[PDB]
Amino acid sequence: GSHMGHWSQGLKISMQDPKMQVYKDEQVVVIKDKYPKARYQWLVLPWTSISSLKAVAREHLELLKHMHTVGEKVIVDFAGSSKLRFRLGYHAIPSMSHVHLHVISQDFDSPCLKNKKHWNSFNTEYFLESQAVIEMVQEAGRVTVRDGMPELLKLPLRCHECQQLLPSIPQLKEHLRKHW
DNA sequence: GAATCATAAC
Ligand SMILES: Nc1ncnc2c1ncn2[C@@H]1O[C@H](COP(=O)(O)O)[C@@H](O)[C@H]1O
Ligand code: NA
Ligand SMILES: [Zn+2]
């Protein structure tokens, strides 16, 4: 099929769709995640095209910080009275093109969370904190990732709140209810 | 039987 129509290009289409946009400014857009893995999940994307964190440099440091500030503002404006915790960050190896910041609530209550890969992509070191990425760009000038990131996706299921080991996704989902 | 897992998408 075409390059423009390839599945990996889908964020470039969604980020221009008014029905998916929840915030816009001169630098970034925020969209709803199409397949949210928790009750709240947004993606913050720059208007300017940066393929992934592999292409980030110090010229982008202000932009990464702005993406983070905007993510925090979206939490306040859309979920400020929630008692939910949020994390902001980046998958160590993304699938979709165009750099994007995840802003995700920590309930992980969603039918789109279906497998161990989903769980571990948000609940191991595969999920890079936004602040950590920012500080790496500031101090080292680029984002690097160590070997072994795909292997993290195969780790046994473990609750992020209490560290209990769970044997299946259904049993993890039942367990997570206690932390609401 | 339920759930996981690797593989496939031309
Ligand atoms: N067309 C889309 N619009 C919005 N979010 C999307 C779309 N396609 C995939 N997603 C989400 O984009 C993210 C891509 O994951 P990653 O590349 O690992 O950061 C996932 O959270 C998906 O649910
Ligand atoms: Na992938
Ligand atoms: Zn727990």
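A note on names: the letters A, B, ... follow the listed sequences, proteins ahead of strands, and every chain is numbered from 1.
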Going through the checks in order, is the ring-ring contact (aromatic ring centres under 6.0 Å, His included) test met by A:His91 and A:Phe122? CA-CA 8 Å; A:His91 286 155; A:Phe122 291 99; 4.6 Å; yes
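- On the nucleic acid side, DNA chain B contacts chain A at distances under 4.0 Å to non-hydrogen atoms, with the end points of that region at B:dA3 to B:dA6.
- Contacts of A:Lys117 with the nucleic acid, taken as non-hydrogen atoms under 4.0 Å apart, are absent.
- Taking the six-membered ring for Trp and thresholds of 30 and 60 degrees, A:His175 and A:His179 have ring planes more than 60 degrees apart, a perpendicular arrangement.
- For A:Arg142 (side chain) and A:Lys54 (main-chain N/O), no donor-acceptor pair under 3.5 Å exists by modelled atom type.
- Among the atoms of the strands shown, none is found under 4.0 Å from any heavy atom of A:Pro167.
- Looking at A:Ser105, its side chain never comes within 3.5 Å of a backbone N or O of A:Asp107 through a donor-acceptor pair.
- A donor and an acceptor atom, one from each side chain of A:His66 and A:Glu62, are nowhere located under 3.5 Å apart.
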